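Coming up is one lone chain in structure tokens, specifically the form deposited in one PDB entry.
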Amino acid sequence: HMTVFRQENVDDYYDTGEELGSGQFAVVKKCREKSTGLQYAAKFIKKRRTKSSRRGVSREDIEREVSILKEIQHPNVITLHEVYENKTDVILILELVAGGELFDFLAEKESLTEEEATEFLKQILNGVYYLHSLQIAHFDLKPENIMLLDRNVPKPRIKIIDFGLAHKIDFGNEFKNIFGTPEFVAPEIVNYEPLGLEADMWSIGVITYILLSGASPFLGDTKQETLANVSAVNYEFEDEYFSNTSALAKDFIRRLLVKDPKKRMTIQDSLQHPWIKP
């Protein structure tokens, strides 16, 4: 079921500028479309050079990301404008989100209040509600993959980015090669079990703990420790960080950081939880 993308030179149509993102398999650059002057983010994904290579991204994996992206139109999720390709790269022309990572914002700013945390979290929940309503599991939710529209307002607006691990969950679970960042992955990821929408809900619990405390709940000194911690549900609320945080906030996290995916809050549960619900 593979398709093909526009094979004119991206350079003919766009000018690139500042670098917005860089990872193992992709680089993201601001860009401007010549015909309109509108600005975008160009994500250059390196292709695989042979069938059996570990370097670059398989065409299947690229096309999955593109196909999911084409489905989406919501204020809290990145959208896709165009796709180009050449021998080396697939080039996704994505919506531009220019206010930086939530990761960097958190690093740079004072500790959040519950209101500040919930103003972020509610947007994340709304985006994930959209995705999950479409049976799209993101599988890579973390502060690095939440981008701020404008970092210089009291209550920054966000979009979820980076659909490189996202999958359609049309049979309730998927059982494929899916493994994100140890600090954020759910126990079923760690244990290589079938995965569904529920994994993203665990990640949201981790994000929430971080938003409220500045600390990562499962993080060990090595990746293997972090993974062991996740699987064991080895976290606690430290008084030094949480003494002035409401018990209802803690309840919200506690009901997301649950090993059995069936018992974990769903996205609808999270929206109705008393900490969130009006």
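Between two forms, the rigid core is defined as the largest C-alpha subset superposing within 1.5 Å. Heads up: residue numbers just count along the shown sequence, starting at 1.
There is another form of this protein, the form solved in complex with a small molecule, and it is not shown here; the text below is about that form.
Enquirer: Tell me, which of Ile161, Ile136, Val90, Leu195 has a heavy atom within 4.5 angstroms of the small molecule in the deposited complex?
Expert: Residue within 4.5 Å of the partner: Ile161.
Enquirer: Using a 4.5 Å heavy atom cut-off, which residue among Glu116, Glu144, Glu71, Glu174 comes into contact with the small molecule in the deposited complex?
Expert: The residue in contact is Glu144.
Enquirer: Should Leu20 be classed as touching the small molecule in the deposited complex when contacts are defined as heavy atoms within 4.5 Å?
Expert: Yes, contact at 4.5 Å.
Enquirer: Heavy atoms within 4.5 Å of the small molecule in the deposited complex: does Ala41 have any?
Expert: Within the cut-off, so yes.
Enquirer: Does any heavy atom of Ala98 come within 4.5 Å of a heavy atom of the small molecule in the deposited complex?
Expert: Contact check for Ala98: yes, within 4.5 Å of the small molecule in the deposited complex.
Enquirer: Since only the chain is shown here, I'm wondering whether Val28 would be in contact with the small molecule in the deposited complex (any heavy atom pair within 4.5 Å).
Expert: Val28: contacts the small molecule in the deposited complex.
Enquirer: So if I measure heavy atom distances to the small molecule in the deposited complex, which of the stretches 98-106, 196-204, 183-191, 127-135 falls within 4.5 Å?
Expert: Only one stretch passes the 4.5 Å heavy-atom test: 98-106.
Enquirer: Can you spot, among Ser133, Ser111, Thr88, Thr79, the one with a CA shift of 2 Å or more between the shown form and the other one after core superposition?
Expert: Per the superposition, the moving residue is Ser111.
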